[PDB]
$ cat input-v1.cif   # mmCIF, N, CA and C atoms and all ligand atoms
data_work
#
loop_
_atom_site.label_atom_id
_atom_site.label_comp_id
_atom_site.auth_asym_id
_atom_site.auth_seq_id
_atom_site.Cartn_x
_atom_site.Cartn_y
_atom_site.Cartn_z
N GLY P 1 65.01 81.88 82.85
CA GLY P 1 64.22 82.41 83.94
C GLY P 1 65.05 82.68 85.18
N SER P 2 64.48 83.43 86.12
CA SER P 2 65.18 83.76 87.36
C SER P 2 64.27 83.56 88.57
N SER P 3 64.80 82.92 89.60
CA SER P 3 64.04 82.66 90.82
C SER P 3 64.19 83.81 91.81
N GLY P 4 65.42 84.28 92.00
CA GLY P 4 65.67 85.37 92.92
C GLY P 4 66.33 84.91 94.20
N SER P 5 67.04 85.82 94.86
CA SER P 5 67.72 85.49 96.11
C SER P 5 67.55 86.61 97.13
N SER P 6 67.49 86.24 98.40
CA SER P 6 67.33 87.21 99.48
C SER P 6 67.86 86.66 100.79
N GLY P 7 67.93 87.52 101.81
CA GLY P 7 68.43 87.10 103.10
C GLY P 7 68.84 88.28 103.97
N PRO P 8 69.29 87.98 105.20
CA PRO P 8 69.73 89.01 106.15
C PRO P 8 71.03 89.67 105.73
N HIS P 9 71.13 90.97 105.97
CA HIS P 9 72.33 91.73 105.62
C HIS P 9 72.86 92.50 106.82
N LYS P 10 73.83 91.91 107.51
CA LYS P 10 74.43 92.54 108.69
C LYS P 10 75.62 93.42 108.29
N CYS P 11 75.78 94.54 108.98
CA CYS P 11 76.87 95.46 108.71
C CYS P 11 78.19 94.91 109.25
N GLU P 12 78.52 93.69 108.87
CA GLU P 12 79.76 93.05 109.32
C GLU P 12 80.89 94.07 109.42
N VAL P 13 80.95 94.98 108.45
CA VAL P 13 81.98 96.01 108.44
C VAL P 13 82.26 96.53 109.85
N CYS P 14 81.19 96.83 110.58
CA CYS P 14 81.32 97.33 111.94
C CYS P 14 80.75 96.33 112.95
N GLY P 15 79.63 95.71 112.59
CA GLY P 15 79.01 94.74 113.48
C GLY P 15 77.63 95.16 113.92
N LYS P 16 76.91 95.84 113.04
CA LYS P 16 75.56 96.31 113.34
C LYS P 16 74.52 95.50 112.57
N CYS P 17 73.70 94.75 113.30
CA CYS P 17 72.66 93.93 112.69
C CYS P 17 71.50 94.79 112.21
N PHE P 18 71.15 94.66 110.94
CA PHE P 18 70.06 95.43 110.36
C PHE P 18 69.16 94.54 109.51
N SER P 19 67.89 94.43 109.91
CA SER P 19 66.93 93.61 109.19
C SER P 19 66.27 94.40 108.06
N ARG P 20 65.91 95.65 108.35
CA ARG P 20 65.27 96.51 107.37
C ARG P 20 66.28 96.99 106.33
N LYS P 21 66.17 96.47 105.12
CA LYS P 21 67.08 96.84 104.04
C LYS P 21 67.17 98.36 103.90
N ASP P 22 66.04 99.03 104.12
CA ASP P 22 65.99 100.49 104.03
C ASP P 22 66.98 101.13 105.00
N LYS P 23 67.05 100.57 106.21
CA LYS P 23 67.96 101.09 107.23
C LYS P 23 69.41 100.95 106.80
N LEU P 24 69.84 99.72 106.56
CA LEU P 24 71.21 99.45 106.13
C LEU P 24 71.58 100.31 104.92
N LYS P 25 70.79 100.19 103.86
CA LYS P 25 71.03 100.96 102.64
C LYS P 25 71.58 102.34 102.96
N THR P 26 71.08 102.93 104.05
CA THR P 26 71.52 104.26 104.46
C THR P 26 72.66 104.16 105.47
N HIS P 27 72.61 103.15 106.33
CA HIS P 27 73.64 102.94 107.34
C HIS P 27 75.03 103.06 106.72
N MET P 28 75.19 102.53 105.52
CA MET P 28 76.47 102.58 104.82
C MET P 28 76.97 104.02 104.70
N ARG P 29 76.04 104.95 104.56
CA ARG P 29 76.38 106.36 104.43
C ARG P 29 77.60 106.70 105.29
N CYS P 30 77.69 106.07 106.45
CA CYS P 30 78.80 106.31 107.37
C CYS P 30 80.08 105.69 106.83
N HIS P 31 80.01 104.42 106.45
CA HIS P 31 81.17 103.71 105.92
C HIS P 31 81.34 103.98 104.43
N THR P 32 81.80 105.19 104.10
CA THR P 32 82.01 105.58 102.72
C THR P 32 83.47 105.93 102.46
N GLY P 33 84.30 104.91 102.28
CA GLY P 33 85.71 105.14 102.03
C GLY P 33 86.33 104.05 101.17
N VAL P 34 86.30 104.24 99.86
CA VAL P 34 86.86 103.27 98.93
C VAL P 34 88.28 103.65 98.53
N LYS P 35 89.16 103.78 99.52
CA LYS P 35 90.55 104.13 99.28
C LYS P 35 91.46 102.92 99.43
N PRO P 36 92.15 102.55 98.35
CA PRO P 36 93.07 101.41 98.34
C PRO P 36 94.32 101.66 99.17
N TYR P 37 94.40 102.85 99.76
CA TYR P 37 95.55 103.22 100.58
C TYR P 37 95.18 103.22 102.06
N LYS P 38 95.38 102.08 102.72
CA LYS P 38 95.07 101.95 104.13
C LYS P 38 96.27 101.39 104.90
N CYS P 39 96.43 101.85 106.14
CA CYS P 39 97.53 101.40 106.98
C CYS P 39 97.49 99.88 107.16
N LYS P 40 98.61 99.32 107.62
CA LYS P 40 98.70 97.88 107.84
C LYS P 40 97.94 97.47 109.10
N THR P 41 98.04 98.30 110.14
CA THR P 41 97.36 98.02 111.40
C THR P 41 96.23 99.01 111.64
N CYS P 42 96.55 100.30 111.54
CA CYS P 42 95.56 101.35 111.75
C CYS P 42 94.44 101.26 110.71
N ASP P 43 93.33 101.94 110.98
CA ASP P 43 92.19 101.94 110.07
C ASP P 43 92.08 103.28 109.34
N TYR P 44 93.23 103.85 108.99
CA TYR P 44 93.26 105.13 108.29
C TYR P 44 93.29 104.92 106.78
N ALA P 45 92.50 105.72 106.07
CA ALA P 45 92.43 105.63 104.62
C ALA P 45 92.84 106.95 103.96
N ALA P 46 93.79 106.88 103.04
CA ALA P 46 94.26 108.07 102.34
C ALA P 46 93.90 108.01 100.86
N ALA P 47 93.73 109.18 100.25
CA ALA P 47 93.39 109.26 98.83
C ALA P 47 94.64 109.11 97.96
N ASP P 48 95.69 109.85 98.30
CA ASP P 48 96.93 109.80 97.55
C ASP P 48 97.91 108.83 98.19
N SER P 49 98.44 107.91 97.38
CA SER P 49 99.39 106.91 97.87
C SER P 49 100.36 107.53 98.86
N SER P 50 101.16 108.49 98.39
CA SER P 50 102.14 109.16 99.23
C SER P 50 101.60 109.34 100.65
N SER P 51 100.40 109.88 100.76
CA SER P 51 99.77 110.11 102.06
C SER P 51 99.96 108.90 102.96
N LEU P 52 99.62 107.72 102.45
CA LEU P 52 99.74 106.49 103.21
C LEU P 52 101.21 106.14 103.46
N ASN P 53 102.04 106.38 102.45
CA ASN P 53 103.47 106.10 102.55
C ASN P 53 104.09 106.85 103.73
N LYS P 54 103.72 108.12 103.88
CA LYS P 54 104.24 108.95 104.96
C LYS P 54 103.71 108.46 106.31
N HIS P 55 102.44 108.09 106.35
CA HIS P 55 101.82 107.60 107.57
C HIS P 55 102.61 106.44 108.16
N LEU P 56 103.16 105.60 107.28
CA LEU P 56 103.94 104.45 107.71
C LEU P 56 105.22 104.89 108.41
N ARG P 57 105.66 106.11 108.11
CA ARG P 57 106.88 106.64 108.71
C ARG P 57 106.80 106.59 110.23
N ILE P 58 105.76 107.20 110.79
CA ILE P 58 105.57 107.22 112.23
C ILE P 58 105.78 105.83 112.84
N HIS P 59 105.36 104.81 112.10
CA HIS P 59 105.51 103.43 112.56
C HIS P 59 106.96 102.97 112.47
N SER P 60 107.56 102.69 113.62
CA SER P 60 108.95 102.25 113.66
C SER P 60 109.08 100.81 113.17
N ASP P 61 109.53 100.66 111.93
CA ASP P 61 109.70 99.34 111.33
C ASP P 61 110.97 99.28 110.49
N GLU P 62 111.86 98.36 110.82
CA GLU P 62 113.11 98.20 110.09
C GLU P 62 112.99 97.10 109.04
N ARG P 63 112.72 97.50 107.81
CA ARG P 63 112.58 96.55 106.71
C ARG P 63 113.47 96.94 105.53
N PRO P 64 114.78 96.71 105.68
CA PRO P 64 115.77 97.03 104.64
C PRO P 64 115.64 96.12 103.43
N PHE P 65 115.20 94.89 103.65
CA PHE P 65 115.03 93.92 102.57
C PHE P 65 113.75 94.19 101.80
N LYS P 66 113.79 93.96 100.49
CA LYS P 66 112.63 94.17 99.64
C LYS P 66 112.63 93.20 98.46
N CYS P 67 111.52 92.49 98.28
CA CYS P 67 111.40 91.52 97.20
C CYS P 67 111.33 92.23 95.85
N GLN P 68 111.63 91.50 94.78
CA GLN P 68 111.61 92.06 93.44
C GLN P 68 110.22 91.90 92.81
N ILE P 69 109.77 90.66 92.70
CA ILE P 69 108.46 90.37 92.11
C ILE P 69 107.37 91.20 92.79
N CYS P 70 107.35 91.16 94.12
CA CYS P 70 106.35 91.90 94.89
C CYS P 70 107.02 92.94 95.79
N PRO P 71 106.29 94.01 96.10
CA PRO P 71 106.79 95.10 96.95
C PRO P 71 106.95 94.66 98.40
N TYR P 72 106.70 93.38 98.66
CA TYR P 72 106.81 92.84 100.01
C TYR P 72 108.15 93.20 100.64
N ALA P 73 108.24 93.06 101.96
CA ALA P 73 109.47 93.37 102.67
C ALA P 73 109.59 92.53 103.94
N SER P 74 110.82 92.36 104.41
CA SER P 74 111.07 91.57 105.62
C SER P 74 112.19 92.20 106.45
N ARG P 75 112.10 92.02 107.77
CA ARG P 75 113.09 92.57 108.68
C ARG P 75 114.39 91.77 108.62
N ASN P 76 114.28 90.51 108.20
CA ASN P 76 115.45 89.64 108.09
C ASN P 76 115.50 88.96 106.72
N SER P 77 116.71 88.64 106.27
CA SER P 77 116.90 88.00 104.98
C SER P 77 116.28 86.60 104.97
N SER P 78 116.54 85.85 106.03
CA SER P 78 116.01 84.49 106.15
C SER P 78 114.54 84.44 105.74
N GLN P 79 113.72 85.24 106.41
CA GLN P 79 112.29 85.29 106.11
C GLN P 79 112.05 85.44 104.61
N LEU P 80 112.78 86.36 103.99
CA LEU P 80 112.64 86.60 102.56
C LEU P 80 112.90 85.32 101.76
N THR P 81 113.92 84.57 102.18
CA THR P 81 114.27 83.32 101.51
C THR P 81 113.05 82.41 101.36
N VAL P 82 112.34 82.20 102.46
CA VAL P 82 111.16 81.35 102.45
C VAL P 82 110.03 82.00 101.66
N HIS P 83 109.92 83.32 101.76
CA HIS P 83 108.88 84.06 101.06
C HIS P 83 108.97 83.82 99.55
N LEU P 84 110.15 84.08 98.99
CA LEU P 84 110.37 83.89 97.56
C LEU P 84 109.68 82.63 97.06
N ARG P 85 109.86 81.53 97.79
CA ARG P 85 109.25 80.26 97.42
C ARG P 85 107.87 80.47 96.80
N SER P 86 107.10 81.37 97.40
CA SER P 86 105.76 81.67 96.90
C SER P 86 105.75 81.81 95.39
N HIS P 87 106.65 82.65 94.87
CA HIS P 87 106.75 82.87 93.44
C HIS P 87 107.17 81.60 92.71
N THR P 88 106.18 80.76 92.38
CA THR P 88 106.45 79.51 91.69
C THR P 88 106.57 79.72 90.18
N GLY P 89 105.61 80.44 89.61
CA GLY P 89 105.63 80.70 88.19
C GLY P 89 106.22 82.06 87.86
N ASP P 90 107.45 82.29 88.32
CA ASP P 90 108.13 83.55 88.07
C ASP P 90 108.62 83.63 86.62
N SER P 91 107.75 84.09 85.73
CA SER P 91 108.09 84.21 84.32
C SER P 91 109.11 85.32 84.10
N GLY P 92 110.31 84.94 83.69
CA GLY P 92 111.36 85.91 83.45
C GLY P 92 112.41 85.40 82.48
N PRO P 93 113.61 86.00 82.54
CA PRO P 93 114.73 85.62 81.67
C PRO P 93 115.29 84.25 82.02
N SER P 94 115.84 83.57 81.02
CA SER P 94 116.41 82.24 81.22
C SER P 94 117.16 81.78 79.98
N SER P 95 118.47 81.62 80.11
CA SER P 95 119.31 81.18 79.00
C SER P 95 119.62 79.69 79.10
N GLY P 96 120.13 79.12 78.02
CA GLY P 96 120.46 77.71 78.01
C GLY P 96 119.82 76.97 76.85
ZN ZN D 101 78.06 99.80 110.02
ZN ZN D 102 99.30 103.46 110.93
ZN ZN D 103 107.81 88.42 96.54
#

$ encode --input "input-v1.cif" --output "structure tokens"
Amino acid sequence: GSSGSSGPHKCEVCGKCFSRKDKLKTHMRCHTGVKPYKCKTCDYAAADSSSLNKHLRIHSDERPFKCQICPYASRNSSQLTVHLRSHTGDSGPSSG
């Protein structure tokens, strides 16, 4: 059997309180952007990866270092050293 669940649904996305489900249901119409390509700081969404990649260009950031396991990056090597730690279960090659 099922009891059911309900409650208030605020447009946290922007911060608009909506009690009438009918209202919100449509309110979303505005927030319609399911693009996995979004800036790090800006709220811009691109369809094609490249698009986002280029957008990052304008942003002056010196990140010569780049992790292997993850596409992560750091301005200094030191930072990367501590970052790696994260990768605890790094399944890879190992002789012996
Ligand atoms: Zn909203
Ligand atoms: Zn940006
Ligand atoms: Zn990493």

$ residues_near_ligand --input "input-v1.cif" --ligand "ligand ZN 102 (chain D)" --cutoff "10 Å" --atoms "only C-alpha atoms and all ligand atoms" --output "ChimeraX atom specification"
/P:38-45,52-59

$ residues_near_ligand --input "input-v1.cif" --ligand "ligand ZN 101 (chain D)" --cutoff "12 Å" --atoms "only C-alpha atoms and all ligand atoms" --output "list in words"
residues 9, 10, 11, 12, 13, 14, 15, 16, 17, 18, 23, 24, 25, 26, 27, 28, 29, 30, 31 and 32 of chain P

$ write_last_selection --input "input-v1.cif" --atoms "N, CA and C atoms" --output "PDB file, keeping the file's coordinate frame"
ATOM      1  N   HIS P   9      71.130  90.970 105.970  1.00  0.00           N
ATOM      2  CA  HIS P   9      72.330  91.730 105.620  1.00  0.00           C
ATOM      3  C   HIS P   9      72.860  92.500 106.820  1.00  0.00           C
ATOM      4  N   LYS P  10      73.830  91.910 107.510  1.00  0.00           N
ATOM      5  CA  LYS P  10      74.430  92.540 108.690  1.00  0.00           C
ATOM      6  C   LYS P  10      75.620  93.420 108.290  1.00  0.00           C
ATOM      7  N   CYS P  11      75.780  94.540 108.980  1.00  0.00           N
ATOM      8  CA  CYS P  11      76.870  95.460 108.710  1.00  0.00           C
ATOM      9  C   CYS P  11      78.190  94.910 109.250  1.00  0.00           C
ATOM     10  N   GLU P  12      78.520  93.690 108.870  1.00  0.00           N
ATOM     11  CA  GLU P  12      79.760  93.050 109.320  1.00  0.00           C
ATOM     12  C   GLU P  12      80.890  94.070 109.420  1.00  0.00           C
ATOM     13  N   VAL P  13      80.950  94.980 108.450  1.00  0.00           N
ATOM     14  CA  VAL P  13      81.980  96.010 108.440  1.00  0.00           C
ATOM     15  C   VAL P  13      82.260  96.530 109.850  1.00  0.00           C
ATOM     16  N   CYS P  14      81.190  96.830 110.580  1.00  0.00           N
ATOM     17  CA  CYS P  14      81.320  97.330 111.940  1.00  0.00           C
ATOM     18  C   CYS P  14      80.750  96.330 112.950  1.00  0.00           C
ATOM     19  N   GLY P  15      79.630  95.710 112.590  1.00  0.00           N
ATOM     20  CA  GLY P  15      79.010  94.740 113.480  1.00  0.00           C
ATOM     21  C   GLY P  15      77.630  95.160 113.920  1.00  0.00           C
ATOM     22  N   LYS P  16      76.910  95.840 113.040  1.00  0.00           N
ATOM     23  CA  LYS P  16      75.560  96.310 113.340  1.00  0.00           C
ATOM     24  C   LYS P  16      74.520  95.500 112.570  1.00  0.00           C
ATOM     25  N   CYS P  17      73.700  94.750 113.300  1.00  0.00           N
ATOM     26  CA  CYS P  17      72.660  93.930 112.690  1.00  0.00           C
ATOM     27  C   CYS P  17      71.500  94.790 112.210  1.00  0.00           C
ATOM     28  N   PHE P  18      71.150  94.660 110.940  1.00  0.00           N
ATOM     29  CA  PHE P  18      70.060  95.430 110.360  1.00  0.00           C
ATOM     30  C   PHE P  18      69.160  94.540 109.510  1.00  0.00           C
ATOM     31  N   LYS P  23      67.050 100.570 106.210  1.00  0.00           N
ATOM     32  CA  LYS P  23      67.960 101.090 107.230  1.00  0.00           C
ATOM     33  C   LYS P  23      69.410 100.950 106.800  1.00  0.00           C
ATOM     34  N   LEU P  24      69.840  99.720 106.560  1.00  0.00           N
ATOM     35  CA  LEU P  24      71.210  99.450 106.130  1.00  0.00           C
ATOM     36  C   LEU P  24      71.580 100.310 104.920  1.00  0.00           C
ATOM     37  N   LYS P  25      70.790 100.190 103.860  1.00  0.00           N
ATOM     38  CA  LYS P  25      71.030 100.960 102.640  1.00  0.00           C
ATOM     39  C   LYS P  25      71.580 102.340 102.960  1.00  0.00           C
ATOM     40  N   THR P  26      71.080 102.930 104.050  1.00  0.00           N
ATOM     41  CA  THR P  26      71.520 104.260 104.460  1.00  0.00           C
ATOM     42  C   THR P  26      72.660 104.160 105.470  1.00  0.00           C
ATOM     43  N   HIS P  27      72.610 103.150 106.330  1.00  0.00           N
ATOM     44  CA  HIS P  27      73.640 102.940 107.340  1.00  0.00           C
ATOM     45  C   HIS P  27      75.030 103.060 106.720  1.00  0.00           C
ATOM     46  N   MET P  28      75.190 102.530 105.520  1.00  0.00           N
ATOM     47  CA  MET P  28      76.470 102.580 104.820  1.00  0.00           C
ATOM     48  C   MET P  28      76.970 104.020 104.700  1.00  0.00           C
ATOM     49  N   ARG P  29      76.040 104.950 104.560  1.00  0.00           N
ATOM     50  CA  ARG P  29      76.380 106.360 104.430  1.00  0.00           C
ATOM     51  C   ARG P  29      77.600 106.700 105.290  1.00  0.00           C
ATOM     52  N   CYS P  30      77.690 106.070 106.450  1.00  0.00           N
ATOM     53  CA  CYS P  30      78.800 106.310 107.370  1.00  0.00           C
ATOM     54  C   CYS P  30      80.080 105.690 106.830  1.00  0.00           C
ATOM     55  N   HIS P  31      80.010 104.420 106.450  1.00  0.00           N
ATOM     56  CA  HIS P  31      81.170 103.710 105.920  1.00  0.00           C
ATOM     57  C   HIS P  31      81.340 103.980 104.430  1.00  0.00           C
ATOM     58  N   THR P  32      81.800 105.190 104.100  1.00  0.00           N
ATOM     59  CA  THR P  32      82.010 105.580 102.720  1.00  0.00           C
ATOM     60  C   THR P  32      83.470 105.930 102.460  1.00  0.00           C
TER      61      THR P  32
END

$ atom_distance --input "input-v1.cif" --atom1 "CA of residue 92 (chain P)" --atom2 "atom N of residue 77 (chain P)"
23.6 Å

$ closest_residue --input "input-v1.cif" --among "P:86, P:49, P:76, P:6" --to "ligand ZN 103 (chain D)" --atoms "all atoms listed in the file"
P:86

$ atom_distance --input "input-v1.cif" --atom1 "atom C of residue 34 (chain P)" --atom2 "CA of residue 48 (chain P)"
10.7 Å

$ residues_near_ligand --input "input-v1.cif" --ligand "ligand ZN 103 (chain D)" --cutoff "6 Å" --atoms "only C-alpha atoms and all ligand atoms" --output "tab-separated table (two decimals) with N, CA and C atoms, in the frame of the given file"
chain	number	residue	atom	x	y	z
P	67	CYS	N	111.52	92.49	98.28
P	67	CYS	CA	111.40	91.52	97.20
P	67	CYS	C	111.33	92.23	95.85
P	69	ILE	N	109.77	90.66	92.70
P	69	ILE	CA	108.46	90.37	92.11
P	69	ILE	C	107.37	91.20	92.79
P	70	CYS	N	107.35	91.16	94.12
P	70	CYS	CA	106.35	91.90	94.89
P	70	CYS	C	107.02	92.94	95.79
P	72	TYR	N	106.70	93.38	98.66
P	72	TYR	CA	106.81	92.84	100.01
P	72	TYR	C	108.15	93.20	100.64
P	84	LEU	N	110.15	84.08	98.99
P	84	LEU	CA	110.37	83.89	97.56
P	84	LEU	C	109.68	82.63	97.06

$ select_by_dssp --input "input-v1.cif" --residues "chain P" --states "strand (DSSP E)" --output "ChimeraX atom specification"
/P:37-38,45-46,65-66,73-74

$ select_by_dssp --input "input-v1.cif" --residues "chain P" --states "helix (DSSP H, G or I)" --output "MDAnalysis selection string"
chainID P and resid 21:30 49:58 77:84

$ axis_aligned_box --input "input-v1.cif" --around "region 63-72 of chain P" --padding-each-side "5 Å" --output "AutoDock Vina command-line options"
--center_x 111.0 --center_y 93.9 --center_z 100.0 --size_x 19.5 --size_y 17.1 --size_z 25.7
